[PDB]
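Visitor: Just dropping this structure here.
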């Protein structure tokens with residue numbers, strides 16, 4: 012959450028995601044869905060990514076819901 016993305020991830024990651032957070036748009040940072048994988052790597056997904064809704068559905072089925080709004 013103490014992060015700021017200026018370019019977004021649009022390719023679907025294969026890694027297992029263990030945490031996610033909805034990050035807000037600000038003057039210098041883009042709105043995106045932050046995925047933290049099992050290797051603790053971060054990718055902040057474009058909210059408009061076509062596959063994202065289904066990936067969020069799958070994550071929830073695996074016990075993972077994103078924190079923050081949107």
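Numbering (the authors' numbering), first residue to last: 12 to 81. Just so it is clear, CB atoms sit at the ideal spot from N, CA and C, and this is done for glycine as well.
What span of residues does the alpha helix (DSSP H) with residue 45 cover, start to end?
Guide: Numbered from 1 along the chain shown, position 34 holds the residue referred to as residue 45. Counting along the chain, residue 45 falls outside any alpha helix (DSSP H), though it belongs to the beta strand (DSSP E) covering 43-48.
Visitor: So, helix, strand or coil for residue 34, using DSSP?
Guide: For the purposes of this step, residue 34 is taken as residue 23 along the chain shown, with counting starting at 1. Reduced to three states, the DSSP call for residue 34 is strand.
Visitor: Going by C-alpha distance, which of 12, 62 and 59 is nearest residue 31?
Guide: Reading the chain shown from its first residue, position 20 is the one you call residue 31. Selected option, being the one with the closest Cα: 12.
Visitor: Could you tell me which whole alpha helix (DSSP H) segments of length 4 or greater appear in the segment 55-81?
Guide: Segments of the alpha helix (DSSP H) lying fully in the segment 55-81: 63-72.
Visitor: Could you tell me the distance, in whole angstroms, from the CA atom of residue 71 to the CA atom of residue 39?
Guide: Position 60 of the chain shown, counted from the start, is the residue given in the question as residue 71. Position 28 of the chain shown, counted from the start, is the residue given in the question as residue 39. Answer to the nearest angstrom: the Cα atoms are 30 Å apart.
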